[PDB]
Amino acid sequence: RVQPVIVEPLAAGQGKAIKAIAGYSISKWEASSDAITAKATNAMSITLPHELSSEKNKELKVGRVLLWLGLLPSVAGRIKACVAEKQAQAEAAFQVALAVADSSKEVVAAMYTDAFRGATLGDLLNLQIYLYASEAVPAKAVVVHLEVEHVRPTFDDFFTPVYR
Amino acid sequence: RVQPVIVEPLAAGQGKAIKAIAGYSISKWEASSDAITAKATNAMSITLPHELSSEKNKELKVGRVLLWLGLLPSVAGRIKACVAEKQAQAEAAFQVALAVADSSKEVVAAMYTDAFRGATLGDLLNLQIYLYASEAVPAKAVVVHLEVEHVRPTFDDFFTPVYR
Amino acid sequence: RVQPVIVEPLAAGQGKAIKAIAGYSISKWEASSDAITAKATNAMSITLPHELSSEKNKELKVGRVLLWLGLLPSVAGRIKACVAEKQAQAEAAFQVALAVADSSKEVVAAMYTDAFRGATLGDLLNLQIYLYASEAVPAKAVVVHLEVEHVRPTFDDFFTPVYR
Amino acid sequence: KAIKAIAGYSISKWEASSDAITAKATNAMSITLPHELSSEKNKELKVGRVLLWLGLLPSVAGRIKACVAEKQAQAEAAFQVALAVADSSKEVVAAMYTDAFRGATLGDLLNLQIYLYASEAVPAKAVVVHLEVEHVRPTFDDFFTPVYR
Amino acid sequence: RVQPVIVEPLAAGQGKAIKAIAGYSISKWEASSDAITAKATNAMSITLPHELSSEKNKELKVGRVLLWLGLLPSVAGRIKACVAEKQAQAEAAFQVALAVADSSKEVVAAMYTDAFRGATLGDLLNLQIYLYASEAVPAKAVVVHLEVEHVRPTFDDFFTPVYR
Amino acid sequence: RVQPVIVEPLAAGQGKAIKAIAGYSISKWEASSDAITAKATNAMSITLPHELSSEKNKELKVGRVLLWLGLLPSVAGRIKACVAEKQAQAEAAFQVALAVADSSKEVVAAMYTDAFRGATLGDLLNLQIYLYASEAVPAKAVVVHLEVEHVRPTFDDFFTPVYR
Amino acid sequence: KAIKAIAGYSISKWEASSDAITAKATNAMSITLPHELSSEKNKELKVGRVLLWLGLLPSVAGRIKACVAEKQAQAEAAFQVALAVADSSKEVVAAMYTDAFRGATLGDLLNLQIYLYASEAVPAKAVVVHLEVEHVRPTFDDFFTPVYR
């Protein structure tokens, strides 16, 4: 018996939008990038957010690491990005990257399941974010957003003492 | 009666893991390519890692195998790749090979279920992987990540006779 | 209630790969082809494999006849093939062919269900394999593989007598 | 009533046309598989009983004898170690090895080489060897290669 | 009442395996020594294998560790070896180290139960092994086989997201 | 309660003498060696016994590999031996050897549990037996006996046919 | 389907390369054991059926025949008492003794001597004898010699 089916087209932004695995809070931050030179890779250091720079939470156990590239509309051809370990060989970073984003898929995003759980959160500093562009991109014209969950810093809920 | 249905799109790396069937164990490694001229094929001789150089483990049963090549982003055009027996004429292998990775198709991973089950690694020592470039490409601009899996050698869970 | 669904992209060569209907063994063989001339049909005789040329098995009842064309990577534009009855009109062979292969579908293969069961196996000799190419193809640059099941030649399992 | 193929096994047969032969000297020949089981998953199959029964051009004179063995040193003395000598003089030309190889892999057959011998020289292509070998049937061979090439 | 008893002697390599406690997994490797002068100690900086270079697995818990050096037979006299924290004065480490391999004693294997349980491999990156030669010895005449073990990284039993 | 015990001294050759694990027949053979030069290693090829040279039994699954060196009484100082993989570096063969024999232990023997099960028996050919001697040893003055079990060649129990 | 080894027994096989042979005269040869069962505990084992099937250099002309017997007097007449004559002329070269020796010790085989014969002389090493003998398996051979040498 051949069951029929209709495919509802999706308006943008509709969707399940995933969910954090239990007990892990999410946190998210920006990474603006330098202007690139044409068909040349770059490797921004993934500087950690200031409010998580405390030594108290650099022990945290990173989980899923969603990444989603963001574009100025004016940018033209293909643009690519991926997190990777600190290669002295920039292009080669794509070669062993677990997953890679692309502008051309009309779903520019990437997700790193099983890539980092449960590497310690302060050790993300060793990582870098690599970018590639097919044509000249003016400064700030591309911004890599990224989101990562981790065990909730429940010990951040207290007030600073004084005045107690 | 019709069934309504609504198609989520999923990010790179989001896909369900292809679990190894139980009791087996993975062995990943990668092979660099060299030179690769114009529209002409070349042979890479798949070489085993030092942890499999041991003579016990070379005669473990092979299970499923997977091959995905990693394109360097700057490389233009489509390059295809196959796993094959040492054919005399390198082109002919694409006429016989069970599968072929395609740079152009959205997924770039040839997998060989069934085609290799039960093979000795003493056969896999005597086997080649072919590259076909549609254009001239810079040396070591392409490296092929493959993994085979085999019943785990048992010395992984023991020390050694401390007396020696 | 609109049930959601994710579409796993397939890596090449993954798949159910069909199955022979019970009691029929499969057999498979090659058919290399002559160099074509541009936009001209050709009609290779489907010479039967040598190990099935025995008069004992030319009575066998052919079933499904899978066909899958194989290519040298260098070949450019569209290429087509189909089995057909012995026309003196070569192009017209496509006109009544039950099914036809094409390079452009990114799934170049063809299958002849209900096309031959249960025509007698030796009478496949009357058939021919027609080919068409949009541009010049150098010799041996295309090879039509084909697979066909049939009742198992169970009487081929014996040894030759002497020495009994 | 040919001897039954062992259950769970399946015979394969092939010729291998002879290299030209000189008198007295035992010109060698190498066994090679049909292209169909060159592939390694097939190279790992397990051998059953094996036999050869060379067929000749009717005009052939004198005698010829053919024996399997691993290649070694001088390569004319292979007969002395050879398990059985197929021959023309005997009422039955054939030679059988129902022992010899049981439990061997097909992948080891590549190392052994049939040896031919003749008294006076015989013209090439006037003699053929017809190996027939029994082996466990490959697991894949019951169905189609997947359509998604 | 006395108990009679009769002492079998046992061959090299005959001894009962020291099994890793469950769920953990071994990682063996070896470190060459260089030069090693007269009756003076030297430091070897224990370096990790490429399969542990990955940032997930470096923060796995360490369990028990084992060190047995392999004397080249031609070497004369006794050489001792230890595992120790980067002491300023190399000799002083033999004054603090929990154990020491002895060339002269019949067994040549120092093992550290308890002394290392719970260590991060990010600590073991920053740790040294000392050699003490009683005589002048030729370069690379001594290599130290050690293995540490750690809860198995889980990527050993999965492929990779084939889509990428 | 401190239980007393007497230690019976053993006359030579008394003892349990081990036992083959079930279903595996033992086989044993000689390996005579060339005259050595003083404090120089040698590496005899481990030529397999003639009666096991048949292709039928080179598939066999080696188990335990007992080795026991045998001496002419006149030989003086320390003598050593070990099986090993085919190094181009002779002395280094001791460095990774799983176990090693020595004349000085007054129990000169060695045993390779977990060293080869279940490496295929014909592939022992790749191995070599390394020897070392502290002083000049005249030819044939040392002979390495070795014993190894394997699945019984039950198909060797038949007679040769003719006369059937 | 080779004839089954009797249960509780185990075959042993060996060649014994021939001494040089002269025409008409029957040059003798002595049977000798493989070095492996020279040892006396093995010399006391009990024989089963025994057979020989000499293999020849293919170039050998004429005929040759080989027969077992106890050594005696003139030593050329050994054939007349010999139980069966292995020969080249016969369709099967082999000779069998499924009776002959059952219940004999291996230690008595040392006394008997295979006799070779030829018409015209044959060059040495051009003929080999392949004794195959069945005997009860030694009790020790299932395990390691004790480590404490």
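Per the PDB record, this model was obtained through cryo-EM at a reported resolution of 3.8 Å.

### Comments concerning the overall build of chain A
Helix and strand counts for chain A come out as 1 helix and 9 strands. Along chain A, from the amino end to the carboxyl end, the secondary structure elements read β-β-β-β-β-α-β-β-β-β. Once the C-alpha set of chain A is aligned to its principal axes, its extents read approximately 60 × 55 × 30 Å. The burial tally for chain A puts 37% of its 164 residues in the buried class. Here chain A has roughly 10100 Å² of accessible surface; of this, 58% comes from carbon and sulfur atoms. Positive and negative charge centroids in chain A, built from 17 and 17 side chains respectively, lie 5 Å apart.

### Examining the arrangement of the chains
A gap remains between chain A and chain G, with no contact made and the closest C-alpha atoms lying 50 Å from each other. With no contact formed, the shortest span from any C-alpha in chain B to any C-alpha in chain G equals 15 Å.

### Notes on the side chain of C:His145
Mapped onto the secondary structure, C:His145 falls in strand β9 (residues 142-151). The class of C:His145 is buried, set by a relative accessible area of 3%. If sequence neighbours within four positions are ignored, C:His145 has contacts with B:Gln95, B:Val96, C:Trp29, C:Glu30, C:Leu67, C:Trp68 and C:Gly70.

### With respect to the pairing of strand β5 (residues 79-84) of chain C
Residues and elements named next belong to chain C. Counting buried positions along β5 gives 6 out of 6 residues, so the element sits mostly inside the fold. On β5, burial covers both faces: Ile79, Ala81 and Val83 on one face and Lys80, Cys82 and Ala84 on the other are all buried. As defined by bridge partners, β5 adjoins strand β8 (residues 128-133) across 6 bridges and the pair is classed as antiparallel. Looking at β8, one finds that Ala84 is bridged to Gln128.

### Digging into the interface of chain C and chain D
Between chain C and chain D, the residue contacts involve 31 residues of the former and 25 residues of the latter. Between chain C and chain D the total buried area reaches about 2800 Å² when both faces are included, carbon and sulfur atoms providing 68% of it. In this structure, the connection of chain C to chain D is made through 0 salt bridges. In this assembly, chain C and chain D are joined by 3 residue pairs in polar contact. At the level of secondary structure, the elements contributing two or more residues to the side of chain C that touches chain D comprise β2 (24-29), β4 (65-71) and β9 of chain C. Looking at which element gives the most residues to the side of chain C that touches chain D, the answer is β2(C), with 4 residues.

### Let's talk about the sheet that holds strand β4 (residues 64-67) of chain D
Residues and elements named next belong to chain D. Here we have 3 strands laid out as an open sheet, ordered β5-β4-β7, and antiparallel in their pairing. This sheet does not close on itself; its edge strands, each paired only once, are β5 (86-87) and β7 (115-118). Of the strand pairs in this sheet, β4 and β5 are connected by 2 bridges, and their pairing is antiparallel. In the strand pairing of β5, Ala66 is matched with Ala86.

### Things to note about the packing of aromatic side chains
Here the structure, examined in full by the defined rule, presents 11 aromatic pairs over all chains. Each ring, one from F:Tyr112 and one from F:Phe116, has its centre 6.2 Å from the other, and the planes form 55 degrees; the classification is tilted. Overall, F:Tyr112 belongs to the buried group, its relative accessible area being 3%. What makes F:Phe116 buried here is its relative accessible area of 7%. Ring plane angle 80 degrees and centroid distance 6.3 Å describe the contact between G:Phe79 and G:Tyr117, whose orientation is recorded as edge-to-face. Separated by 38 residues along the polypeptide, G:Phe79 in helix α2 (residues 78-81) and G:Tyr117 in strand β7 (residues 115-118) bring together distant segments of the chain. Residue classification places G:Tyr117 among the partly exposed positions, given a relative accessible area of 22%.

### Some remarks on unusual backbone geometry
The omega torsion across C:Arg117 and C:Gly118 is -15 degrees, close enough to zero to call that bond cis. Examined against the element boundaries, C:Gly118 turns out to sit in the loop between β7 (110-111) and β8. Here the residue pair F:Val162 and F:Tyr163 is connected by a cis peptide bond, since its omega of 10 degrees sits within 30 degrees of zero. Structurally, F:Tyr163 is set in the segment after β9 (142-151). In this model, D:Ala73 sits at a positive phi of 20 degrees, which is unusual for a non-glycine residue. Secondary-structure assignment places D:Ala73 in the loop between β4 and α2 (78-81).

### A short note on the nonpolar core
Judged by nonpolar contacts, the single largest core of 40 residues is most densely connected at F:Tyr112 and F:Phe116. Sorting the residues of this core by element identifies β4 (65-71), β5 (79-84), α1 (92-96), β8 (128-133) and β9 of chain F as the ones contributing at least two each. Here F:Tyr112 is in contact with F:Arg64, F:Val65, F:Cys82, F:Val83, F:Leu98 and F:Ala99, once residues within four sequence places are set aside. Listed in part, the 39 residues of the second largest apolar core include A:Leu67, A:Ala101, A:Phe116 and A:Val142.

### With respect to a nonpolar patch on the surface
On the surface, E:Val5, E:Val7, F:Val5 and F:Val7 cluster together into a nonpolar patch covering about 300 Å² of accessible area. You can see F:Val5 is positioned in strand β1 (residues 5-8). Given a relative accessible area of 48%, F:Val5 falls into the partly exposed group.

### Observations concerning the sheet that holds strand β8 (residues 128-133) of chain A
The strand order across the open sheet formed by 4 strands is β3-β8-β5-β6 (chain A), and the pairing between neighbours is antiparallel. At either end of the open sheet lies a strand with only one pairing partner, and these are β3 (42-45) and β6 (101-102) of chain A.

### Brief notes about the pattern of salt bridges
All names here are of chain A. What the rule picks out here adds up to 11 salt bridges over all chains. The partner of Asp156 in a salt bridge is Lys56, with the nearest N and O atoms 2.2 Å apart. Of this pair, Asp156 sits in the segment after β9 (142-151) while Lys56 sits in the loop between β3 and β4 (65-71), placing them 100 residues apart in sequence. Exposure remark for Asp156: the relative accessible area of 36% places this residue in the partly exposed category. Judged by relative accessible area, which is 43%, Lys56 ranks as partly exposed.

### Some points on the environment of C:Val143
Position of C:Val143 relative to the elements: it lies in strand β9. Classification of C:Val143 by relative accessible area gives buried; the value is 7%. Along the backbone, C:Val143 and C:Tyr112 are 31 residues apart, and their C-alpha atoms lie at a distance of 18 Å. Every residue in contact with C:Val143, bar those within four places of it in the chain, is listed here: B:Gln95, C:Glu30, C:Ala31, C:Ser32, C:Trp68, C:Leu69 and C:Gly70.

### Comments concerning a negative patch on the surface
The grouping of B:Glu30, B:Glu51, E:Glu30 and E:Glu51 at the surface amounts to a negative patch. Structurally, E:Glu51 is set in the loop between β3 (41-45) and β4 (62-71).

### What about the environment of E:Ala20?
Mapped onto the secondary structure, E:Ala20 falls in the loop between β1 (3-6) and β2 (24-32). Its relative accessible area of 6% is what places E:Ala20 among the buried residues. For the pair formed by E:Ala20 and E:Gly63, sequence separation is 43 residues and the distance between their alpha carbons is 8.9 Å. Leave out the neighbours within four places in its chain, and E:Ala20 touches B:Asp157 and E:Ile26.

How each quantity is defined
- Residues numbered from 1 in each chain as written, not as in the entry; some residues may be left out.
- Chains lettered and ligands numbered in written order.
- Part of a larger assembly, values for the part shown.
- Heavy atoms only, no water.
- Helix = DSSP H or I, 4+ residues; strand = E, 2+ residues; numbered from the N terminus.
- Buried < 20%, exposed > 50% of the residue type's maximum accessible area, 1.4 Å probe, protein only.
- Areas by Shrake-Rupley, 256 points an atom, 1.4 Å probe, with all protein chains shown as cover.
- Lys, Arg positive; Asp, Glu negative; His and termini not counted.
- Charge placed at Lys NZ, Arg CZ, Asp CG, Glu CD.
- Contact = heavy atoms within 4.5 Å.
- Pairing = 2+ DSSP bridges.
- Buried area = accessible area lost by both parts, 1.4 Å probe.
- Salt bridge = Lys/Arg side-chain N within 4 Å of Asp/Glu carboxyl O.
- Polar contact = N/O pair within 3.5 Å; in protein donor to acceptor, adjacent residues only side chain to side chain.
- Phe/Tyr/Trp six-rings, centres within 6.5 Å; stacked < 30°, edge-to-face > 60°.
- Core = buried A, V, L, I, M, F, W, Y, C linked by side-chain atoms within 4.5 Å.
- Patch = residues over 30% accessible without salt bridge, like charges linked within 9 Å, V, L, I, M, F, W, Y side chains within 5 Å.

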